[PDB]
2 protein chains.
Amino acid sequence: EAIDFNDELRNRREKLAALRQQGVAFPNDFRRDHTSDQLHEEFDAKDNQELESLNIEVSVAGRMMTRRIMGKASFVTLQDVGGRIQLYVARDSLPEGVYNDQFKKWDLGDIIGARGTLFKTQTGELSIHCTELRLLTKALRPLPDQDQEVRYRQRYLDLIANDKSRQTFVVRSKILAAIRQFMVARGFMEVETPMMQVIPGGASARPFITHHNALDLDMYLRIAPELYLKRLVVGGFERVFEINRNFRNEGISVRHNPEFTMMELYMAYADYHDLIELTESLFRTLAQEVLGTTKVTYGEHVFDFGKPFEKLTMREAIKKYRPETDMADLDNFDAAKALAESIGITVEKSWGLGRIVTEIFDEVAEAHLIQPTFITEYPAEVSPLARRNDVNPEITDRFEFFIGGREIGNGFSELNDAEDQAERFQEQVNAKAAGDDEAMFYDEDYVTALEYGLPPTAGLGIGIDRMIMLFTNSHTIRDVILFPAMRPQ
Amino acid sequence: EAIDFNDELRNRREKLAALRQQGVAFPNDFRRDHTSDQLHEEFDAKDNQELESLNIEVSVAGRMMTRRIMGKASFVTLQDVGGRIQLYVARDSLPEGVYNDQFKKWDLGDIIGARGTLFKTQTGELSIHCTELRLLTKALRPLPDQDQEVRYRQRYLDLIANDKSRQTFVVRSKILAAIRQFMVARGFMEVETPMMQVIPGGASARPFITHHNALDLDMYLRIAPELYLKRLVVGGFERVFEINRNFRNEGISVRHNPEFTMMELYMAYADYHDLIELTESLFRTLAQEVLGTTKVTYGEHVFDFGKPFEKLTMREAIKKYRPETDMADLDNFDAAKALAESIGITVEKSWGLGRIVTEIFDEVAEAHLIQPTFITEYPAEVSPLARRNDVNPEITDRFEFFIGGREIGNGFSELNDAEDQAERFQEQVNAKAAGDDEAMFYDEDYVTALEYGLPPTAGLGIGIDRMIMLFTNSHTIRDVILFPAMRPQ
Ligand SMILES: NCCCC[C@H](N)C(=O)NS(=O)(=O)OC[C@H]1O[C@@H](n2cnc3c(N)ncnc32)[C@H](O)[C@@H]1O
Ligand SMILES: NCCCC[C@H](N)C(=O)NS(=O)(=O)OC[C@H]1O[C@@H](n2cnc3c(N)ncnc32)[C@H](O)[C@@H]1O
Ligand SMILES: Nc1ncnc2c1ncn2[C@@H]1O[C@H](COP(=O)(O)OP(=O)(O)OP(=O)(O)O)[C@@H](O)[C@H]1O
Ligand SMILES: Nc1ncnc2c1ncn2[C@@H]1O[C@H](COP(=O)(O)OP(=O)(O)OP(=O)(O)O)[C@@H](O)[C@H]1O
């Protein structure tokens with residue numbers, strides 16, 4: 001079976017040895033003057049009669065992907081960064097002996113450099129008549145084809161062969177710096193806040209712990225910059241944002257990765273209603289720049305980011321997707337506990353009325369939110385950093401928004417109430433001691449920072465990785481992350 | 001003494017309570033239509049005769065910094081994001097009672113919003129004739145002045161008061177996205193590689209360790225993306241870069257921070273000589289855009305980034321700054337060990353000839369490199385990822401470059417030699433077991449990735465934080481990092 005593959009490994013190493021007993025092995029002096037796209041966008045419209053008479057020399061380098069050897073001439077496909085180009089490897093277009101003694105002896109996946117002139121084949125294809133041809137790196141292993149997880153264990157392979165996957169990560173990088181251009185253009189300053197916090201705060205999840213060996217001190221890997229960005233606002237950086245990693249112990253998932261990219265952005269003298277008018281206007285502007293169209297296919301669905309997003313209260317969503325729901329039960333703890341238990345929810349000792357009304361929303365409405373939707377009016381019990389609402393103080397001015405069943409973003413009117421912020425970190429701590437290992441920590445510092453005066457403000461957080469998925473039609477986070485986290489072996 | 005300061009804390013809280021028994025406390029509905037800079041760049045050239053007759057209403061919000069109360073009118077300095085502006089708080093320009101019952105009762109540091117029309121005072125200063133005036137957040141603590149380290153423990157204060165410090169962090173953000181515009185313009189793709197590696201590699205330093213609670217797995221906080229960026233090159237991302245954090249256990253320093261920002265950039269089919277022609281051309285382009293001039297003051301020195309950097313071999317630097325040095329001693333281990341011991345160096349059991357020749361360079365020449373300098377020809381023993389040199393294999397094609405006594409950057413021709421890369425990870429491991437806890441780990445994966453073929457390449461790393469220091473004349477890393485790491489209490 002596949003021991004003529006171990007014939008390949010062996011044979012390549014013996015080749016590499018003899019190159020080494022010459023000096024040829026691993027040279028770095030070759031210089032190319034074009035990539036593959038730059039020849040195609042400059043010369044595809046030209047036919048042979050033009051290209052033969054134009055007589056353009058070019059130098060290129062890449063990974064040899066095919067080789068038909070027709071005798072005294074061959075045909076080599078060279079793949080580099082911008083695609084693939086065609087080589088015409090003639091015996092007597094090369095210097096005496098390169099064709100028979102070097103070119104024939106090279107394997108696929110090897111790195112070659114080529115110099116020659118452009119033309120068009122019988123096909124009409126753009127090809128390089130090679131006149132110098134060089135080996136640049138000996139590939140000791142041959143190109144693959146397997147496992148569906150090789151693409152994550154060895155992403156270098158998936159980038160070489162799959163082009164969906166390659167153009168996905170080129171769209172990712174366009175997206176990231178398209179978000180920035182939009183965020184600056186609005187007047188925001190990209191800051192860098194610490195990824196090693198000593199008290200982790202700003203979201204509700206289990207952090208990674210590490211020990212600083214020079215200060216006897218245990219640090220945490222931040223679960224959000226939220227507490228620290230809000231410090232900068234008090235400082236008078238009144239339009240800050242930060243697109244960077246964060247770290248949560250959540251398991252390896254298809255909506256989760258223990259390290260993931262998130263933007264957070266805070267805007268002074270503005271309320272959450274202004275964060276909607278930017279979430280909407282962002283996703284429209286990203287859809288237009290990345291895709292040329294407000295309308296975006298994703299899975300079996302199509303989303304229209306030109307069209308305004310749907311918007312419901314949390315209670316509206318429940319009574320919409322569970323219409324038999326006696327809405328009075330969201331008002332009394334025992335009735336809410338019973339209601340939650342009846343639809344499957346296991347209500348914990350550490351749950352109060354708003355958490356039950358939330359965990360019931362989570363059951364009943366969430367995955368049904370498929371067109372982009374905002375869900376406003378979150379309970380206070382679950383939103384320890386959001387402002388309280390003016391007409392009803394047991395609910396915050398906080399929206400989460402959803403596209404296709406997942407939470408993308410989370411924003412709210414911010415809590416510029418020092419004292420109330422302290423007492424809500426108390427409830428979180430009372431909550432951890434009741435058995436909630438995702439409760440917050442009391443950040444005695446952040447509470448001080450508020451006492452110095454935090455201007456009324458509203459802030460937003462948006463999972464970039466989830467959003468990268470929407471614009472590349474990828475359905476696992478492990479497909480928009482270059483090196484996604486592995487369950488090992 | 002300072003118990004009329006605890007009179008201030010008490011008095012502010014009692015104020016905030018009575019606002020709360022009204023509803024006024026923490027409103028968020030105020031909207032401003034200008035910041036302070038936008039009034040100054042639009043109306044400073046105008047005199048009163050123009051501004052009185054133009055009659056421009058404006059709304060602004062900020063932190064009240066001063067208040068002269070002259071009786072039936074006052075003068076208030078309002079500081080917001082873009083600077084400070086002047087308010088003319090008249091009694092009868094405000095709605096009945098705001099002046100006597102609200103405006104007088106507000107403290108400094110409070111967040112007010114103001115609406116009014118522009119004019120010029122007797123001074124000729126640009127001021128707002130207030131006609132609506134509102135309290136937006138009650139500051140429970142008053143503005144400071146202390147300790148020289150408060151600026152790092154509570155950076156929100158240092159941004160409010162010190163303006164050197166504020167404009168330093170605004171220059172930082174201009175620098176970061178000026179590097180990107182220059183890096184893209186050259187044709188590089190900003191990627192995101194994992195900050196949680198399972199085998200940390202790519203530099204020589206002690207990493208942070210953490211445990212992933214869902215996979216029984218111990219992760220490390222990456223000390224560089226170097227191993228992973230080079231994977232992406234093999235994939236055919238032949239121009240990648242990444243400006244992001246990394247993490248080392250190094251102590252809290254003035255050239256170090258346990259988390260710090262670094263760019264790394266890899267370029268296919270190019271050698272380290274091409275990384276110089278970009279280090280030079282970067283620092284020139286950054287000096288020109290950030291400062292308007294190729295010449296940069298820093299400390300007692302002045303650097304000229306228009307002028308080409310000085311360049312020495314490692315041995316040239318030694319024999320220049322220790323001219324009596326018998327250069328034959330850099331060739332024999334025992335003579336090099338004796339030479340090192342004589343200038344103070346304590347040579348370890350795990351040191352070979354090149355490490356001694358390096359640690360001797362480190363003693364003898366390094367801090368004398370003040371004008372921007374390149375130091376080429378590093379020994380192999382200390383450069384496990386660099387390519388070997390063609391004429392002498394015991395030295396790599398690796399330069400480190402220095403400005404003003406510190407190492408800024410580190411680049412080299414990259415090692416596209418699979419087998420040699422494996423045997424050099426062996427020496428590193430033999431080295432850890434000899435007593436070097438900054439030796440590398442054998443990354444059995446990275447070795448495979450090379451076997452698939454790494455095109456000849458050259459890569460560079462540049463400490464951004466150190467470089468931010470050069471362009472803001474700041475001399476501690478703790479002054480270009482928003483929240484620098486604290487020795488606690
Ligand atoms: N001041 C407004 C709130 C700002 C952000 C807030 N502090 C926060 O972190 N909210 S969140 O709901 O925890 O996260 C925002 C987004 O992060 C994304 N996220 C969270 N955990 C992960 C994981 N594990 N992988 C990928 N993406 C993730 C997801 O899209 C969330 O909607
Ligand atoms: N392939 C070329 C090499 C690329 C970079 C290489 N892997 C590397 O990390 N080299 S380095 O010398 O370790 O770091 C580059 C710069 O990082 C900076 N650095 C390193 N540690 C710290 C700390 N602790 N604080 C601040 N800046 C730091 C410093 O400017 C170094 O010159
Ligand atoms: N205490 C909890 N009990 C049950 N499920 C929970 C709890 N906390 C979080 N989850 C669930 O964990 C999953 C992770 O979902 P997701 O990351 O999209 O957002 P989330 O509900 O806001 O959580 P987080 O606070 O981790 O961001 C969700 O299905 C979420 O409801
Ligand atoms: N094994 C060692 N023995 C003595 N000093 C060392 C050793 N390793 C690093 N140092 C010193 O630690 C300090 C940290 O310096 P710096 O961060 O500027 O660059 P470096 O010498 O290349 O180290 P690193 O590998 O940590 O980046 C330097 O003064 C450096 O020489």
# chains A, B, ... in the order shown; residues from 1 in each chain; ligands from 1

$ residues_around --residues "residue 180 (chain B)" --least-positions-apart "6" --cutoff "12 Å" --atoms "only C-alpha atoms" --output "PyMOL selection string"
(chain A and resi 177+180-181) or (chain B and resi 173-174+186-191+240-244+263-265+282+285-286+464)

$ residues_near_ligand --ligand "ligand 4" --cutoff "6 Å" --atoms "only C-alpha atoms and all ligand atoms" --output "ChimeraX atom specification"
/B:204-205,406-407

$ closest_residue --among "A:452, A:401, A:5, A:88" --to "residue 140 (chain A)" --atoms "only C-alpha atoms"
A:5

$ interface_residues --of "chain A" --to "chain B" --cutoff "6 Å" --atoms "only C-alpha atoms" --output "MDAnalysis selection string"
chainID A and resid 28 81 111 137 139:141 156 159:160 209:210 214 231:232 235:238 251 451:453 455:456

$ residues_around --residues "residue 59 (chain B)" --least-positions-apart "6" --cutoff "10 Å" --atoms "only C-alpha atoms" --output "ChimeraX atom specification"
/B:30-35,113-117,128,130,132-133

$ write_last_selection --atoms "N, CA, C and O atoms" --output "mmCIF file, in the first residue's frame"
data_model
loop_
_atom_site.group_PDB
_atom_site.id
_atom_site.type_symbol
_atom_site.label_atom_id
_atom_site.label_comp_id
_atom_site.auth_asym_id
_atom_site.auth_seq_id
_atom_site.Cartn_x
_atom_site.Cartn_y
_atom_site.Cartn_z
ATOM 1 N N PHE B 30 -27.932 64.006 27.739
ATOM 2 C CA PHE B 30 -27.375 65.234 27.215
ATOM 3 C C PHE B 30 -26.597 64.952 25.941
ATOM 4 O O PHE B 30 -25.936 63.921 25.810
ATOM 5 N N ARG B 31 -26.705 65.850 24.979
ATOM 6 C CA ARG B 31 -25.947 65.673 23.759
ATOM 7 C C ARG B 31 -25.198 66.935 23.418
ATOM 8 O O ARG B 31 -25.793 68.012 23.336
ATOM 9 N N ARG B 32 -23.905 66.790 23.211
ATOM 10 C CA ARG B 32 -23.068 67.887 22.787
ATOM 11 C C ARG B 32 -22.924 67.847 21.281
ATOM 12 O O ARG B 32 -23.000 66.777 20.686
ATOM 13 N N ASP B 33 -22.694 69.018 20.663
ATOM 14 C CA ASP B 33 -22.463 69.098 19.219
ATOM 15 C C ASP B 33 -21.062 69.562 18.835
ATOM 16 O O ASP B 33 -20.741 69.552 17.642
ATOM 17 N N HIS B 34 -20.213 69.934 19.793
ATOM 18 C CA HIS B 34 -18.820 70.250 19.517
ATOM 19 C C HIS B 34 -17.946 69.767 20.670
ATOM 20 O O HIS B 34 -18.394 69.657 21.816
ATOM 21 N N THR B 35 -16.675 69.494 20.366
ATOM 22 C CA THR B 35 -15.645 69.347 21.389
ATOM 23 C C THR B 35 -14.822 70.637 21.471
ATOM 24 O O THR B 35 -15.055 71.604 20.737
ATOM 25 N N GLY B 113 -22.842 69.372 31.386
ATOM 26 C CA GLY B 113 -23.122 69.724 30.008
ATOM 27 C C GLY B 113 -23.532 71.184 29.951
ATOM 28 O O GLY B 113 -24.103 71.726 30.911
ATOM 29 N N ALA B 114 -23.219 71.830 28.834
ATOM 30 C CA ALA B 114 -23.494 73.250 28.686
ATOM 31 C C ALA B 114 -24.001 73.533 27.285
ATOM 32 O O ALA B 114 -23.514 72.944 26.318
ATOM 33 N N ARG B 115 -24.993 74.423 27.181
ATOM 34 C CA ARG B 115 -25.422 74.970 25.897
ATOM 35 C C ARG B 115 -25.343 76.491 25.998
ATOM 36 O O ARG B 115 -25.609 77.065 27.064
ATOM 37 N N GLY B 116 -24.923 77.126 24.906
ATOM 38 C CA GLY B 116 -24.772 78.572 24.875
ATOM 39 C C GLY B 116 -24.203 79.021 23.541
ATOM 40 O O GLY B 116 -24.061 78.217 22.614
ATOM 41 N N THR B 117 -23.855 80.326 23.460
ATOM 42 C CA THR B 117 -23.284 80.948 22.260
ATOM 43 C C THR B 117 -21.870 81.468 22.508
ATOM 44 O O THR B 117 -21.519 81.873 23.619
ATOM 45 N N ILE B 128 -17.910 80.470 25.971
ATOM 46 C CA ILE B 128 -19.296 80.093 25.690
ATOM 47 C C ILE B 128 -20.201 80.786 26.691
ATOM 48 O O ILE B 128 -20.070 80.579 27.902
ATOM 49 N N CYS B 130 -23.106 80.591 28.546
ATOM 50 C CA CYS B 130 -24.009 79.488 28.860
ATOM 51 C C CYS B 130 -25.419 79.976 29.129
ATOM 52 O O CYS B 130 -25.631 80.983 29.813
ATOM 53 N N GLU B 132 -28.075 77.030 28.968
ATOM 54 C CA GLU B 132 -28.453 75.830 29.700
ATOM 55 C C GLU B 132 -27.195 75.269 30.335
ATOM 56 O O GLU B 132 -26.112 75.321 29.741
ATOM 57 N N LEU B 133 -27.339 74.744 31.549
ATOM 58 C CA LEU B 133 -26.199 74.176 32.256
ATOM 59 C C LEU B 133 -26.674 73.075 33.194
ATOM 60 O O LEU B 133 -27.592 73.279 34.000
#

$ closest_atom_pairs --of "chain A" --to "ligand 1" --cutoff "6 Å" --atoms "only C-alpha atoms and all ligand atoms" --output "CSV"
residue,atom,partner,partner_atom_place_in_ligand_line,distance
A:202,CA,ligand 1,7 (N),4.6
A:203,CA,ligand 1,7 (N),4.9
A:224,CA,ligand 1,9 (O),5.2
A:226,CA,ligand 1,7 (N),4.9
A:248,CA,ligand 1,24 (N),5.9
A:250,CA,ligand 1,24 (N),5.9
A:255,CA,ligand 1,26 (C),5.8
A:256,CA,ligand 1,25 (N),3.4
A:257,CA,ligand 1,25 (N),4.5
A:258,CA,ligand 1,24 (N),5.3
A:260,CA,ligand 1,26 (C),5.0
A:262,CA,ligand 1,17 (O),5.7
A:264,CA,ligand 1,4 (C),5.3
A:407,CA,ligand 1,32 (O),4.9
A:408,CA,ligand 1,30 (O),4.1
A:409,CA,ligand 1,32 (O),3.9
A:410,CA,ligand 1,12 (O),5.1
A:411,CA,ligand 1,2 (C),4.1
A:412,CA,ligand 1,2 (C),5.5
A:459,CA,ligand 1,1 (N),4.0
A:460,CA,ligand 1,2 (C),4.0
A:461,CA,ligand 1,5 (C),3.6
A:462,CA,ligand 1,16 (C),4.6
A:463,CA,ligand 1,30 (O),3.1
A:465,CA,ligand 1,27 (N),5.9
A:466,CA,ligand 1,30 (O),5.7

$ write_last_selection --atoms "N, CA, C and O atoms" --output "mmCIF file, in the first residue's frame"
data_model
loop_
_atom_site.group_PDB
_atom_site.id
_atom_site.type_symbol
_atom_site.label_atom_id
_atom_site.label_comp_id
_atom_site.auth_asym_id
_atom_site.auth_seq_id
_atom_site.Cartn_x
_atom_site.Cartn_y
_atom_site.Cartn_z
ATOM 1 N N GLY A 202 -15.347 42.351 33.785
ATOM 2 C CA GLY A 202 -15.863 42.903 32.557
ATOM 3 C C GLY A 202 -16.759 41.974 31.784
ATOM 4 O O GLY A 202 -17.479 42.429 30.879
ATOM 5 N N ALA A 203 -16.731 40.689 32.103
ATOM 6 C CA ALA A 203 -17.744 39.778 31.599
ATOM 7 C C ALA A 203 -17.957 38.675 32.632
ATOM 8 O O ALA A 203 -17.400 38.705 33.733
ATOM 9 N N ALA A 224 -12.127 40.507 29.370
ATOM 10 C CA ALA A 224 -12.533 41.658 28.578
ATOM 11 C C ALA A 224 -11.721 42.859 29.046
ATOM 12 O O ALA A 224 -11.227 42.874 30.178
ATOM 13 N N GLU A 226 -13.157 45.581 29.618
ATOM 14 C CA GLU A 226 -14.255 46.506 29.880
ATOM 15 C C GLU A 226 -13.952 47.403 31.059
ATOM 16 O O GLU A 226 -14.149 48.619 30.990
ATOM 17 N N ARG A 248 -11.018 32.952 27.928
ATOM 18 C CA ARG A 248 -12.042 32.342 28.760
ATOM 19 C C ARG A 248 -11.825 30.829 28.766
ATOM 20 O O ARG A 248 -11.363 30.261 27.775
ATOM 21 N N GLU A 250 -13.949 28.576 28.597
ATOM 22 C CA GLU A 250 -14.993 27.895 27.866
ATOM 23 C C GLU A 250 -14.374 26.778 27.028
ATOM 24 O O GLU A 250 -13.212 26.857 26.608
ATOM 25 N N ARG A 255 -18.760 27.956 18.269
ATOM 26 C CA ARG A 255 -18.915 29.378 18.544
ATOM 27 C C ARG A 255 -17.879 29.915 19.543
ATOM 28 O O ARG A 255 -17.800 31.138 19.735
ATOM 29 N N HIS A 256 -17.068 29.042 20.161
ATOM 30 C CA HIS A 256 -16.035 29.421 21.126
ATOM 31 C C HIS A 256 -14.644 28.928 20.703
ATOM 32 O O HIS A 256 -14.505 27.946 19.973
ATOM 33 N N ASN A 257 -13.613 29.637 21.181
ATOM 34 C CA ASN A 257 -12.144 29.365 21.170
ATOM 35 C C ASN A 257 -11.611 29.997 22.447
ATOM 36 O O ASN A 257 -11.919 31.168 22.712
ATOM 37 N N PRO A 258 -10.800 29.276 23.228
ATOM 38 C CA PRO A 258 -10.316 29.842 24.492
ATOM 39 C C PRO A 258 -9.641 31.210 24.357
ATOM 40 O O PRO A 258 -9.767 32.031 25.272
ATOM 41 N N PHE A 260 -9.855 34.487 21.670
ATOM 42 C CA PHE A 260 -10.689 34.958 20.573
ATOM 43 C C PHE A 260 -10.564 36.461 20.461
ATOM 44 O O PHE A 260 -10.222 37.131 21.432
ATOM 45 N N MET A 262 -12.096 40.272 19.962
ATOM 46 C CA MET A 262 -13.268 41.074 20.303
ATOM 47 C C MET A 262 -12.926 42.555 20.245
ATOM 48 O O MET A 262 -11.887 42.992 20.759
ATOM 49 N N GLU A 264 -14.202 46.206 21.663
ATOM 50 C CA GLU A 264 -15.030 46.895 22.632
ATOM 51 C C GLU A 264 -14.871 48.366 22.342
ATOM 52 O O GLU A 264 -13.782 48.809 21.977
ATOM 53 N N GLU A 407 -25.173 34.920 19.694
ATOM 54 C CA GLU A 407 -24.927 36.273 20.142
ATOM 55 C C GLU A 407 -23.659 36.768 19.452
ATOM 56 O O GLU A 407 -22.610 36.119 19.522
ATOM 57 N N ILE A 408 -23.785 37.867 18.710
ATOM 58 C CA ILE A 408 -22.638 38.574 18.154
ATOM 59 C C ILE A 408 -22.156 39.606 19.169
ATOM 60 O O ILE A 408 -21.020 39.546 19.652
ATOM 61 N N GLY A 409 -23.022 40.551 19.532
ATOM 62 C CA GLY A 409 -22.612 41.692 20.305
ATOM 63 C C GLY A 409 -23.370 41.859 21.610
ATOM 64 O O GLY A 409 -24.396 41.215 21.876
ATOM 65 N N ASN A 410 -22.847 42.774 22.415
ATOM 66 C CA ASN A 410 -23.409 43.064 23.723
ATOM 67 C C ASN A 410 -23.018 44.494 24.057
ATOM 68 O O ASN A 410 -21.828 44.811 24.155
ATOM 69 N N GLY A 411 -24.017 45.374 24.146
ATOM 70 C CA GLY A 411 -23.782 46.755 24.504
ATOM 71 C C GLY A 411 -24.811 47.226 25.514
ATOM 72 O O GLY A 411 -25.829 46.564 25.752
ATOM 73 N N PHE A 412 -24.519 48.372 26.131
ATOM 74 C CA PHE A 412 -25.465 48.966 27.067
ATOM 75 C C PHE A 412 -25.101 50.411 27.362
ATOM 76 O O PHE A 412 -23.962 50.841 27.148
ATOM 77 N N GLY A 459 -21.380 51.696 25.876
ATOM 78 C CA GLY A 459 -20.289 50.893 25.356
ATOM 79 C C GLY A 459 -20.811 49.612 24.751
ATOM 80 O O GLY A 459 -21.864 49.105 25.143
ATOM 81 N N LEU A 460 -20.052 49.089 23.780
ATOM 82 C CA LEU A 460 -20.433 47.931 22.976
ATOM 83 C C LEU A 460 -19.288 46.932 22.885
ATOM 84 O O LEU A 460 -18.118 47.323 22.864
ATOM 85 N N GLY A 461 -19.635 45.652 22.846
ATOM 86 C CA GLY A 461 -18.667 44.599 22.562
ATOM 87 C C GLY A 461 -19.204 43.662 21.499
ATOM 88 O O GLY A 461 -20.387 43.332 21.491
ATOM 89 N N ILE A 462 -18.326 43.240 20.596
ATOM 90 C CA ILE A 462 -18.735 42.504 19.406
ATOM 91 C C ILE A 462 -17.715 41.396 19.191
ATOM 92 O O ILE A 462 -16.534 41.686 18.981
ATOM 93 N N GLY A 463 -18.142 40.139 19.245
ATOM 94 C CA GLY A 463 -17.201 39.079 18.918
ATOM 95 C C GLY A 463 -16.768 39.127 17.461
ATOM 96 O O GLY A 463 -17.578 38.844 16.578
ATOM 97 N N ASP A 465 -14.633 37.191 15.830
ATOM 98 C CA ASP A 465 -14.538 35.883 15.211
ATOM 99 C C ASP A 465 -15.885 35.426 14.700
ATOM 100 O O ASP A 465 -16.006 34.998 13.547
ATOM 101 N N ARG A 466 -16.930 35.597 15.512
ATOM 102 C CA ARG A 466 -18.263 35.239 15.046
ATOM 103 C C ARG A 466 -18.649 36.060 13.831
ATOM 104 O O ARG A 466 -19.206 35.532 12.864
#

$ residues_around --residues "residue 443 (chain B)" --least-positions-apart "2" --cutoff "8 Å" --atoms "only C-alpha atoms" --output "PDB file with C-alpha atoms, in the first residue's frame"
ATOM      1  CA  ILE B 199       5.037  24.580  23.310  1.00  0.00           C
ATOM      2  CA  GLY B 201       9.132  29.078  21.103  1.00  0.00           C
ATOM      3  CA  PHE B 425      16.620  22.466  18.960  1.00  0.00           C
ATOM      4  CA  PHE B 441      11.840  23.842  23.692  1.00  0.00           C
ATOM      5  CA  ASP B 445       5.788  20.438  14.852  1.00  0.00           C
ATOM      6  CA  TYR B 446       7.708  23.473  13.675  1.00  0.00           C
ATOM      7  CA  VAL B 447      10.412  21.067  12.441  1.00  0.00           C
TER       8      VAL B 447
END
